[PDB]
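Heads up: the structure comes next, in structure tokens.
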Amino acid sequence: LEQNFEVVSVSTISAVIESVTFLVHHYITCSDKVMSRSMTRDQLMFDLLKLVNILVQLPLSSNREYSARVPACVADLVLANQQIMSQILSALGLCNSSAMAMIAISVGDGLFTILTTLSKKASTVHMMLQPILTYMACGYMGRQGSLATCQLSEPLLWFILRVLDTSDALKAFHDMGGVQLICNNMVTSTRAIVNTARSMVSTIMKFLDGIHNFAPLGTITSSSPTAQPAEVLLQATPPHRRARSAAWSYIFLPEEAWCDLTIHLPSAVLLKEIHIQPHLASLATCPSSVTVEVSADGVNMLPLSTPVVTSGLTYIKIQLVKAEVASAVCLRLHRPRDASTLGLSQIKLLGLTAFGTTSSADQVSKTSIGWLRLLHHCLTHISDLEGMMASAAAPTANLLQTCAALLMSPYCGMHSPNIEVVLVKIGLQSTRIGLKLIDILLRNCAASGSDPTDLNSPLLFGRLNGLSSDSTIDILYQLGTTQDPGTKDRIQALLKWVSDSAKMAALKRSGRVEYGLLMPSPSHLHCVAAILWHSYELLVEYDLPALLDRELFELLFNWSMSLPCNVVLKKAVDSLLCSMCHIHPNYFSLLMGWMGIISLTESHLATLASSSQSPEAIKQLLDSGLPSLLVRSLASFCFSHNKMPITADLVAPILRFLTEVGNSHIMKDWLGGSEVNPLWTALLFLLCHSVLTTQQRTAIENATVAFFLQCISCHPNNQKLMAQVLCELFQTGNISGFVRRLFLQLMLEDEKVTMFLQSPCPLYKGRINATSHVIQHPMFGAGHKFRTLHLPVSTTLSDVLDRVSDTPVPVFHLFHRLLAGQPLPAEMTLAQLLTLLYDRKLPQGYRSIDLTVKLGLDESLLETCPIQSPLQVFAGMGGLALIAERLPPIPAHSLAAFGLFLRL
Amino acid sequence: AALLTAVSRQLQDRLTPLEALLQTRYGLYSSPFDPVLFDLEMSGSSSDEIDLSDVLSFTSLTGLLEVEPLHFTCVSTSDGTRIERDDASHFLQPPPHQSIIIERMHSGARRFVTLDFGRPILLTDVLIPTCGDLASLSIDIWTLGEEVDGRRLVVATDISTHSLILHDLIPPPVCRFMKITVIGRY
Amino acid sequence: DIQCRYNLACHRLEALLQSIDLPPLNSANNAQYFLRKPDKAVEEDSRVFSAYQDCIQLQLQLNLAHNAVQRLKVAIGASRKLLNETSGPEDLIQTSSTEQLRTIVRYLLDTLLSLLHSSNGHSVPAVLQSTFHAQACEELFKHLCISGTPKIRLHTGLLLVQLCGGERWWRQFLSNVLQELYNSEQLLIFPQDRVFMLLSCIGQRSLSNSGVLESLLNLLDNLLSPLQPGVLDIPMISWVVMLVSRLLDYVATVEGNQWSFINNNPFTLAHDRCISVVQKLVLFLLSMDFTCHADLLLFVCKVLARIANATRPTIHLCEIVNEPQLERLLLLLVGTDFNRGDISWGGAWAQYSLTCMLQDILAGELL
Amino acid sequence: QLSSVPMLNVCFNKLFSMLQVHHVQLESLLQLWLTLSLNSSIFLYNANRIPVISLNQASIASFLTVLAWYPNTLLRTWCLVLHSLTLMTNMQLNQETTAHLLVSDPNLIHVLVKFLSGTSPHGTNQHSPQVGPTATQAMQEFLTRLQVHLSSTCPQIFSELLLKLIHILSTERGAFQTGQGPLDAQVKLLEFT
């Protein structure tokens, strides 16, 4: 290494490189199954790799017979030789990430450094790309026509990334055809590999019930009759230091050279490490060499490796490179080199069982994810070559099914959002691929061939059809919202899936691919509704009213009426109805024509409220006079305990209906109108502050508190009116139970405001690793870009930005539509922001605060006073002295005095 | 059978999805939303499920709703055993478990603890758990005088393998003080 | 006052219950969510535990106070609630409390369990056949086991064992109940796993008849019928395979173990009914990919070996598998396509289970 | 009804044919063949046991060639080899016995040299050059079964094979002169000769 090689002949260099390459590949590929740890041959192999690294850097002379006396290089002749490059690439492939993670004391770092120097010293880029393409195409030993792929390790993956870093390398990679070969190797490796995830079998076994010792469960036997039973060696408690007496002592006959100790485990477990503790007081009694015999059957001992020298060791730790099943472990112990007695303190068998609580506590090589890592790098590294790589990946059969299965598999090395990006770009390359991806996500997720008899064709059986996660919601939303040509066909496919699902639900009710239509995801239906709402908001080029159909609207209405009101799927179909009523104002009038409004049930009221969440339907519902009819008839029912009869069971659905339609700001102003003002005091008179049964009274109590809280939610004249009503109630002895319900929950709990966040960068903190169906309104949208948080007004904007994303230097900045181009401080609360927005154009009692998160007068916003709470307006009207009068380890005299000064 | 079927149909009709979510996720089967509770039973006390492998290879106190749990203070002197706690609004709160601990137990002898309620009550329910360490047990109650109105409630030689269970006392005694005499196994 | 605090606790518990989402165990991702138990779910479950404990304690205090109030109303002289013969029985069951219904059904179950333990021949003249048919047994089993507490569910399950073990439709009852409850099309929110342990026990009590495991195998080969040339779903087939494995293990206990690693620590079926089941199990073994797991492969090997040893003519390896299919199965065992170097196909456990599988088939044939 | 033994013979002969082209791993195939032939036979390994799975002549020749050039054959791969070769000495071929096929094959002498001069060529961890007792016993049973099977037919070929083994080990650049290889296996081979 210290010498310099200048005029040395090329043939000698090539012979050295080939021989050392074969030797290092033989060293890495062939290793012992047993590793034991207490200059090294690893240092020898690493210095040999350093010598090869020096040799490939040598300049080459013009005649090329000898090296340059001092363009052409020796590295070109290394690249030309197929055997040397095949051995180097294979030797890096068998290397794990644990050797490479030192980044350079190990041999994997030496192979990485040699390959990086080969990439730097290549004359042309194609000369470096050609052995890489040969290694991808060849497989394990040049094998083709079967389910065999070359093993891609993480260091080799990193090297191929560093090769494909430059643009000309990516263009030459497409010219060689590497994208198609990566996709085909992905499909074949996904067919070949079975997942080792713990799945739902281990969940049922965990309920029905980092490596643990299984020596106390086993029994130890020795074939020598003179040997002690040695059961103290299997005890879990370690012997204390300087015990001066061996736990088990064996006397050696002069002819005997090996002593056997045989441990029979009660059940076969995976075995990883075996720990033998010699006698610490005297290491003369330590065995000279120990070999380990294991047996899966437990009667036929197939051992592990050569005997490990254990002379002069205070602790013998034998660790397996490959964990193997072993129902019985036998240990042959040699005679000690000087002493004639064998002294053992403790024997430990460390391992894991399957199927239990003990079954707990590299992935690129085990799974097929590294091919899609390479495909992700090729797609998303450079935007100019992105379309032509996406055209390369297009003709591959069963690619989309494989990518969806890798998307909804557990984590095997690469995060789901980059899988999502690959799926989005492949679906967005062409219209047919987009319709196919919509077919895979919604209706049929299986292989296009689907031949189990062939046994070499890929099959995607085992994945549940129509299955939903947040990833597929993002895929569907980004397919819907993208304004490339072919978008209208994708929206038509989504509406066709919704219509086919409604027809399948109708045929299920009648009692007469098919699984996706039979079970729709509520989150997928909400995603379709969000796509329709945001495409109507964006003023898209394709006519979205032309895509909507009246018969589809009728089918969705009947499907929503058939489902019970507590079902999440009814809320999803109602969100679709809300989107269609937003796009078509005539659809809401046709809906009231179906209602007969010119006999209401709870599902009727739920469908009416959820479809009437849209503001045009708010206006049409207010013009129809239906909430006017309900408020007059409800006030009549309150006074009892044009007019319409109201049953006692219907009262709490009416209050829930009024709450859900009073989520909107216009009907929030309407509930402050003069018609609804007798209703609040009438409800207080109805509930009487202690006729109705007790369960009905409790339900109407909860509905009344929720209705008043929805009325007063960040609406200052509404809470002023509510304070006037409450102080008139208190002015007219002791505090009742429902009165205290109202005061505490309506008044002293801080007001909470819905809040909607729009960010071009996707936010991933709120998303979890499970599926959930949370039906929200279609203006909020769906995907990782859109966040909805329901937070109190005392919560600061810094806590909001910390909750939507971790953001541990570009800094995310909050923005508002009214506050155009003005950054929002992190120190203010939501209440001061609401005061500012109520000063500006935003109406009082809006549905949700709209904040814009973009990556990178604030003190005047900090000086702005917060929104007064309903407690503040109520005490400003003076009702706090009234409740001080009506009311019958902190000291109690402080509380009594405090009430007396609340009188003041 | 017919009453079982009808009340089973109504019991299925009583179920709400939130209580079912509590059952399927947290293992909580009592209904928290319903204010009314019909019965409370106490047989053995310090998600609940039964070990289906072990059972499928007792006497309970019944009522417990018109009567009241009662806090007790051991202000009277106890000989041989001290009372330590395990770690009418006040009476409606349940009393803490106070397992007695003997600093030295020695076989075939007599020890006792003594407790006070502080006010005269009517005592109707006695639950003493079974204790395999103990051979015999007895309890003595009194009010006003210590032995003037003293009465023995029960003698229990069955405390080794049977719990001492009094479901109801049909003449309800007036009690303020009790002592419990414990005898260990021979 | 106690009612007011209890209603406050009920309101906060209701809002907290609306905060919760729950996955239905349809996929392996929800299963990994249950296995990891993430800390956000941990703190949510801790909040639910605290709110529920407050609710149940305040409910108990309210009921104690209310019955004390009723006792003092008796002490004044007001009578209790008198019962009306003019009121019909149906509205009497309707107006009653839910816990009253639970206590009544518990006492009725204990009473009926005493009737089945009769000294006169251990029989009931009417309810064994006339009162309990298949529809009534299915409905009552549903209404008391999905909605009820574990004690009342266990008691009605053992009661249905007593009444309908002798009926021929018990096997079709058990297969149908497992099929409708554990289907992925089913939306009933119920603890699936405790009902599954109940199903294992209720299968074990009637396991002396071979018809129950025969109907389970007929169900299982009906589910694998898309795989032989339809739509196949992993979870409910896994439920069926576990029930078959647990019943076969219980057969092994009533009658060391090669399949003890899968355990945490007149029965003989006919060949012609079993052969289609075992052939479909072989096709499912060969048809596993990355969507499937080796975790189901362990049970497919164990169930397949136990059925192959269970038949009175032991199933030979000739009819169980085709010769290219057997070559493929050994390629799954040995061969650089599927296990490469250090990497083993499905881990060491899958290869050990395949080896013990072929071991048990050849030991059954050669004996 | 039909015996599955001939189908097992056909597919295992196929696997031993694809051994040469790296289609199947050697040690796992040997472990699988040994496990099936041992259980069908109860579980314990015996040298007096005829395997139920019969391999042809070309299968044994491919197995011996693959061993004759297998790089860094690990030690319990070698024990699987020795137990398997003992069972093929027990195995009948359908003429010439399989022990005569083994001794008459020129690759078997290279197999025995590679076993007796294996030592620890990787040298990743400090290990004893001896092979332990079990490999020594397995080699002793293999040589004993060769002697028993060829005592009646042709013991001179087995004696000449043993002498050629001692000659190849004892020459220059050999296991005996350089000191490499197991001492125990070479001493037991010397005692057997």
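Residues are referred to by chain and number: the chain letter is A, B, ... according to the order shown in the structure tokens, the number counts from 1 in that chain, and ligands are numbered separately from 1 in the order shown.
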
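Residues with any atom within 10 Å of residue 90 (chain C), counting only C-alpha atoms and excluding same-chain neighbours fewer than 2 positions away, are residues 6, 7 and 10 of chain B; 87, 88, 92, 93, 94 and 95 of chain C.
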
Output file for the residues above (N, CA and C atoms, as a JSON list (two decimals), in the first residue's frame):
```
[["chain", "number", "residue", "atom", "x", "y", "z"],
["B", 6, "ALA", "N", -87.26, -14.50, 25.09],
["B", 6, "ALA", "CA", -87.84, -13.16, 24.99],
["B", 6, "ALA", "C", -86.93, -12.10, 25.59],
["B", 7, "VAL", "N", -86.38, -12.37, 26.78],
["B", 7, "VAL", "CA", -85.51, -11.39, 27.43],
["B", 7, "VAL", "C", -84.17, -11.31, 26.69],
["B", 10, "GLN", "N", -84.89, -8.88, 23.81],
["B", 10, "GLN", "CA", -84.90, -7.50, 24.31],
["B", 10, "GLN", "C", -83.51, -7.03, 24.73],
["C", 87, "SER", "N", -101.11, -4.69, 32.72],
["C", 87, "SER", "CA", -99.99, -4.50, 31.82],
["C", 87, "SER", "C", -99.54, -5.84, 31.25],
["C", 88, "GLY", "N", -99.34, -5.88, 29.93],
["C", 88, "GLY", "CA", -98.90, -7.08, 29.26],
["C", 88, "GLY", "C", -97.47, -7.44, 29.60],
["C", 92, "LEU", "N", -93.71, -5.27, 29.97],
["C", 92, "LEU", "CA", -92.98, -5.45, 31.22],
["C", 92, "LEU", "C", -91.51, -5.78, 30.97],
["C", 93, "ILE", "N", -91.24, -6.61, 29.96],
["C", 93, "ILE", "CA", -89.84, -6.84, 29.56],
["C", 93, "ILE", "C", -89.25, -5.59, 28.92],
["C", 94, "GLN", "N", -90.08, -4.85, 28.16],
["C", 94, "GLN", "CA", -89.60, -3.66, 27.46],
["C", 94, "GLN", "C", -89.20, -2.54, 28.42],
["C", 95, "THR", "N", -89.99, -2.32, 29.48],
["C", 95, "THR", "CA", -89.74, -1.19, 30.36],
["C", 95, "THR", "C", -88.61, -1.47, 31.35]]
```

With only C-alpha atoms counted and 7 Å as the cut-off, give the residues of chain C in contact with chain D, each with its shortest interatomic distance in Å and the pair that gives it, as a tab-separated table.
```
residue	atom	partner	partner_atom	distance
C:316	CA	D:4	CA	6.6
C:317	CA	D:4	CA	5.4
C:318	CA	D:4	CA	4.9
C:323	CA	D:7	CA	6.7
C:327	CA	D:11	CA	5.8
C:334	CA	D:24	CA	5.7
C:335	CA	D:24	CA	3.7
C:336	CA	D:24	CA	5.5
C:359	CA	D:36	CA	6.0
C:362	CA	D:40	CA	6.0
C:363	CA	D:40	CA	5.5
C:366	CA	D:40	CA	6.2
```

Nearby residues (only C-alpha atoms) at most 8 Å from residue 124 (chain B), same-chain spacing under 3 positions excluded, as number ranges by chain = B: 166-170, 172-173

Would you write out those residues with N, CA and C atoms, as a PDB file, in the first residue's frame?
```
ATOM      1  N   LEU B 166     -72.043 -14.153  55.125  1.00  0.00           N
ATOM      2  CA  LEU B 166     -73.352 -13.894  55.717  1.00  0.00           C
ATOM      3  C   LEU B 166     -74.148 -13.090  54.696  1.00  0.00           C
ATOM      4  N   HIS B 167     -75.154 -13.726  54.089  1.00  0.00           N
ATOM      5  CA  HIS B 167     -75.889 -13.074  53.011  1.00  0.00           C
ATOM      6  C   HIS B 167     -76.816 -11.992  53.553  1.00  0.00           C
ATOM      7  N   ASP B 168     -77.482 -12.271  54.670  1.00  0.00           N
ATOM      8  CA  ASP B 168     -78.350 -11.302  55.326  1.00  0.00           C
ATOM      9  C   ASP B 168     -78.515 -11.712  56.781  1.00  0.00           C
ATOM     10  N   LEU B 169     -78.706 -10.716  57.639  1.00  0.00           N
ATOM     11  CA  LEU B 169     -79.021 -10.943  59.044  1.00  0.00           C
ATOM     12  C   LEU B 169     -80.467 -10.535  59.280  1.00  0.00           C
ATOM     13  N   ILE B 170     -81.302 -11.521  59.602  1.00  0.00           N
ATOM     14  CA  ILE B 170     -82.751 -11.322  59.549  1.00  0.00           C
ATOM     15  C   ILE B 170     -83.295 -10.581  60.771  1.00  0.00           C
ATOM     16  N   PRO B 172     -81.690  -7.709  62.357  1.00  0.00           N
ATOM     17  CA  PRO B 172     -80.479  -6.923  62.088  1.00  0.00           C
ATOM     18  C   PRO B 172     -79.907  -6.344  63.369  1.00  0.00           C
ATOM     19  N   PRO B 173     -78.697  -6.750  63.750  1.00  0.00           N
ATOM     20  CA  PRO B 173     -78.129  -6.283  65.016  1.00  0.00           C
ATOM     21  C   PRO B 173     -77.663  -4.840  64.932  1.00  0.00           C
TER      22      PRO B 173
END
```

Write out as a ChimeraX atom specification the residues lying within 10 Å of residue 67 (chain B), counting only C-alpha atoms and excluding same-chain residues fewer than 5 positions away.
-> /B:92,122-125 /C:64-65,67-68,71

Just the selected residues (C-alpha atoms), exported as a PDB file, in the first residue's frame, please.
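Writing the result to part-v1.pdb gives the following:
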```pdb
ATOM      1  CA  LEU B  92     -71.313   6.044  49.371  1.00  0.00           C
ATOM      2  CA  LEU B 122     -77.509  -1.944  61.396  1.00  0.00           C
ATOM      3  CA  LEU B 123     -75.088  -4.548  60.034  1.00  0.00           C
ATOM      4  CA  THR B 124     -76.542  -7.072  57.578  1.00  0.00           C
ATOM      5  CA  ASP B 125     -73.771  -8.359  55.260  1.00  0.00           C
TER       6      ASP B 125
ATOM      7  CA  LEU C  64     -76.842   3.252  45.955  1.00  0.00           C
ATOM      8  CA  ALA C  65     -78.225   6.745  46.638  1.00  0.00           C
ATOM      9  CA  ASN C  67     -82.143   2.776  46.484  1.00  0.00           C
ATOM     10  CA  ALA C  68     -81.435   4.560  49.781  1.00  0.00           C
ATOM     11  CA  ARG C  71     -85.816   2.825  51.307  1.00  0.00           C
TER      12      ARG C  71
END
```

Smallest atom-to-atom distance to chain C: which of A:366, A:26, A:817, A:512, using only C-alpha atoms?
->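 Smallest distance to chain C is found for A:366.
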
Could I get the residues of chain B with an atom no further than 8 Å from an atom of chain C, each paired with its nearest atom pair and that distance in Å to one decimal, using only C-alpha atoms, sorted by chain and residue number, as a Markdown table?
```
| residue | atom | partner | partner_atom | distance |
| --- | --- | --- | --- | --- |
| B:1 | CA | C:131 | CA | 7.5 |
| B:4 | CA | C:105 | CA | 5.9 |
| B:5 | CA | C:140 | CA | 6.5 |
| B:7 | CA | C:101 | CA | 6.1 |
| B:8 | CA | C:143 | CA | 6.2 |
| B:9 | CA | C:143 | CA | 6.5 |
| B:10 | CA | C:94 | CA | 6.8 |
| B:11 | CA | C:101 | CA | 6.3 |
| B:12 | CA | C:143 | CA | 5.2 |
| B:14 | CA | C:98 | CA | 6.5 |
| B:15 | CA | C:147 | CA | 6.8 |
| B:17 | CA | C:189 | CA | 7.9 |
| B:18 | CA | C:17 | CA | 7.0 |
| B:20 | CA | C:190 | CA | 6.6 |
| B:21 | CA | C:189 | CA | 6.8 |
| B:23 | CA | C:191 | CA | 6.8 |
| B:24 | CA | C:191 | CA | 4.2 |
| B:25 | CA | C:191 | CA | 7.3 |
| B:26 | CA | C:45 | CA | 7.8 |
| B:29 | CA | C:149 | CA | 5.6 |
| B:30 | CA | C:149 | CA | 7.9 |
| B:32 | CA | C:56 | CA | 5.9 |
| B:33 | CA | C:10 | CA | 6.1 |
| B:35 | CA | C:59 | CA | 5.8 |
| B:36 | CA | C:63 | CA | 6.3 |
| B:37 | CA | C:99 | CA | 5.9 |
| B:38 | CA | C:100 | CA | 5.2 |
| B:39 | CA | C:99 | CA | 7.4 |
| B:49 | CA | C:150 | CA | 6.1 |
| B:50 | CA | C:150 | CA | 6.9 |
| B:52 | CA | C:197 | CA | 7.1 |
| B:56 | CA | C:201 | CA | 7.5 |
| B:65 | CA | C:64 | CA | 5.3 |
| B:66 | CA | C:67 | CA | 5.0 |
| B:67 | CA | C:68 | CA | 7.5 |
| B:68 | CA | C:64 | CA | 7.0 |
| B:92 | CA | C:61 | CA | 5.8 |
| B:93 | CA | C:61 | CA | 7.0 |
```

Output of the above residues as a compact mmCIF listing (two decimals), in the first residue's frame, restricted to N, CA, C and O atoms:
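Ended up saving to out38.txt:
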```txt
# COMPACT_ATOMS: atom_id res chain seq x y z
N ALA B 1 -87.35 -21.54 29.21
CA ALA B 1 -86.82 -21.37 27.86
C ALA B 1 -87.47 -20.20 27.12
O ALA B 1 -86.78 -19.42 26.46
N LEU B 4 -86.35 -16.94 28.65
CA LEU B 4 -84.96 -16.75 28.24
C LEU B 4 -84.86 -16.19 26.83
O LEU B 4 -84.12 -15.23 26.59
N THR B 5 -85.66 -16.74 25.90
CA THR B 5 -85.65 -16.26 24.52
C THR B 5 -86.15 -14.83 24.40
O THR B 5 -85.54 -14.00 23.71
N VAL B 7 -86.38 -12.37 26.78
CA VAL B 7 -85.51 -11.39 27.43
C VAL B 7 -84.17 -11.31 26.69
O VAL B 7 -83.53 -10.25 26.66
N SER B 8 -83.76 -12.39 26.02
CA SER B 8 -82.57 -12.34 25.17
C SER B 8 -82.78 -11.44 23.95
O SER B 8 -81.87 -10.69 23.57
N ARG B 9 -83.97 -11.51 23.32
CA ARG B 9 -84.27 -10.61 22.21
C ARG B 9 -84.29 -9.15 22.65
O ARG B 9 -83.74 -8.28 21.97
N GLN B 10 -84.89 -8.88 23.81
CA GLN B 10 -84.90 -7.50 24.31
C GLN B 10 -83.51 -7.03 24.73
O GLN B 10 -83.17 -5.85 24.58
N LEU B 11 -82.67 -7.96 25.21
CA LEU B 11 -81.30 -7.61 25.58
C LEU B 11 -80.46 -7.29 24.35
O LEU B 11 -79.58 -6.42 24.41
N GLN B 12 -80.70 -7.99 23.24
CA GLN B 12 -80.07 -7.60 21.98
C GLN B 12 -80.58 -6.25 21.51
O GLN B 12 -79.83 -5.45 20.95
N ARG B 14 -81.36 -3.85 23.41
CA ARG B 14 -80.88 -2.79 24.30
C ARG B 14 -79.49 -2.29 23.92
O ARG B 14 -79.04 -1.25 24.42
N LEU B 15 -78.79 -3.00 23.03
CA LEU B 15 -77.38 -2.70 22.80
C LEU B 15 -77.20 -1.48 21.90
O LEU B 15 -77.92 -1.30 20.91
N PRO B 17 -74.11 0.92 19.76
CA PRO B 17 -72.80 0.67 19.12
C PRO B 17 -71.59 1.14 19.93
O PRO B 17 -70.50 0.57 19.77
N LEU B 18 -71.74 2.16 20.78
CA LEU B 18 -70.61 2.63 21.57
C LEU B 18 -70.23 1.64 22.66
O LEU B 18 -69.04 1.40 22.91
N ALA B 20 -70.83 -1.54 22.41
CA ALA B 20 -70.26 -2.65 21.65
C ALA B 20 -68.81 -2.38 21.27
O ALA B 20 -67.98 -3.30 21.26
N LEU B 21 -68.48 -1.12 20.96
CA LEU B 21 -67.10 -0.74 20.70
C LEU B 21 -66.24 -0.89 21.95
O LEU B 21 -65.09 -1.35 21.87
N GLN B 23 -66.85 -3.06 24.33
CA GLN B 23 -66.70 -4.51 24.51
C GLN B 23 -65.64 -5.08 23.57
O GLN B 23 -64.84 -5.93 23.98
N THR B 24 -65.61 -4.64 22.32
CA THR B 24 -64.72 -5.27 21.35
C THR B 24 -63.31 -4.70 21.41
O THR B 24 -62.37 -5.30 20.88
N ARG B 25 -63.12 -3.54 22.05
CA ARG B 25 -61.78 -2.96 22.08
C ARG B 25 -61.16 -2.96 23.47
O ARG B 25 -59.97 -3.24 23.61
N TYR B 26 -61.94 -2.66 24.51
CA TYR B 26 -61.42 -2.51 25.85
C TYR B 26 -61.84 -3.62 26.80
O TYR B 26 -61.34 -3.68 27.93
N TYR B 29 -67.80 -4.55 29.62
CA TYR B 29 -69.11 -5.06 29.25
C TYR B 29 -70.25 -4.42 30.03
O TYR B 29 -71.40 -4.47 29.57
N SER B 30 -69.98 -3.82 31.19
CA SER B 30 -71.00 -3.06 31.89
C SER B 30 -71.29 -1.77 31.13
O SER B 30 -70.39 -1.13 30.59
N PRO B 32 -71.93 1.98 30.68
CA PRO B 32 -71.70 3.20 31.45
C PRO B 32 -72.74 4.28 31.20
O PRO B 32 -72.93 5.16 32.04
N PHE B 33 -73.41 4.24 30.04
CA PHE B 33 -74.35 5.30 29.70
C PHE B 33 -75.66 5.16 30.47
O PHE B 33 -76.31 6.16 30.79
N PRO B 35 -77.91 4.94 33.50
CA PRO B 35 -77.75 5.30 34.92
C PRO B 35 -78.23 4.23 35.88
O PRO B 35 -77.66 4.07 36.97
N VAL B 36 -79.26 3.48 35.50
CA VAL B 36 -79.86 2.50 36.40
C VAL B 36 -79.04 1.21 36.38
O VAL B 36 -78.56 0.77 35.33
N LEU B 37 -78.82 0.65 37.56
CA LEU B 37 -78.17 -0.64 37.74
C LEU B 37 -79.05 -1.51 38.63
O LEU B 37 -79.53 -1.04 39.67
N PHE B 38 -79.26 -2.76 38.22
CA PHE B 38 -80.23 -3.60 38.91
C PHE B 38 -79.62 -4.28 40.13
O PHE B 38 -80.23 -4.28 41.21
N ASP B 39 -78.43 -4.86 39.99
CA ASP B 39 -77.89 -5.69 41.05
C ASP B 39 -76.38 -5.55 41.09
O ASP B 39 -75.73 -5.22 40.09
N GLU B 49 -62.21 -11.31 31.74
CA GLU B 49 -62.58 -12.46 30.92
C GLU B 49 -62.30 -13.74 31.71
O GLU B 49 -61.48 -13.74 32.63
N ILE B 50 -62.99 -14.81 31.33
CA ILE B 50 -62.79 -16.09 31.99
C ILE B 50 -61.81 -16.94 31.19
O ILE B 50 -61.86 -16.98 29.95
N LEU B 52 -60.91 -19.83 29.45
CA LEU B 52 -61.75 -20.87 28.88
C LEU B 52 -61.02 -22.21 28.82
O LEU B 52 -61.65 -23.26 28.66
N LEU B 56 -63.03 -25.00 31.55
CA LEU B 56 -63.78 -25.90 30.68
C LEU B 56 -62.99 -27.14 30.28
O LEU B 56 -63.23 -27.66 29.18
N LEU B 65 -77.47 -3.18 47.21
CA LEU B 65 -77.88 -1.92 46.61
C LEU B 65 -78.68 -1.04 47.56
O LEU B 65 -78.50 0.18 47.54
N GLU B 66 -79.54 -1.61 48.41
CA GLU B 66 -80.18 -0.79 49.43
C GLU B 66 -79.27 -0.62 50.64
O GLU B 66 -79.42 0.34 51.40
N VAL B 67 -78.33 -1.55 50.83
CA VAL B 67 -77.36 -1.41 51.90
C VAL B 67 -76.20 -0.54 51.43
O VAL B 67 -76.04 -0.25 50.24
N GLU B 68 -75.39 -0.13 52.37
CA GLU B 68 -74.40 0.89 52.12
C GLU B 68 -73.02 0.40 52.52
O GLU B 68 -72.88 -0.24 53.57
N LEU B 92 -70.99 6.56 50.70
CA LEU B 92 -71.31 6.04 49.37
C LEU B 92 -70.05 5.75 48.57
O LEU B 92 -70.07 4.92 47.64
N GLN B 93 -68.95 6.40 48.90
CA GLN B 93 -67.66 6.01 48.35
C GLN B 93 -67.23 4.68 48.97
O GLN B 93 -67.46 4.45 50.17
```

Who sits within 10 Å of residue 106 (chain B), only C-alpha atoms, same chain under 6 positions skipped, as a list in words |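 Residues meeting the cut-off are residues 183, 184, 185 and 186 of chain B.
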
Put those residues in a file: C-alpha atoms, as an mmCIF file, in the first residue's frame.
```
data_model
loop_
_atom_site.group_PDB
_atom_site.id
_atom_site.type_symbol
_atom_site.label_atom_id
_atom_site.label_comp_id
_atom_site.auth_asym_id
_atom_site.auth_seq_id
_atom_site.Cartn_x
_atom_site.Cartn_y
_atom_site.Cartn_z
ATOM 1 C CA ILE B 183 -56.511 -18.834 65.003
ATOM 2 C CA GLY B 184 -53.738 -20.204 62.814
ATOM 3 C CA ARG B 185 -53.364 -23.776 61.611
ATOM 4 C CA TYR B 186 -51.899 -26.423 63.895
#
```
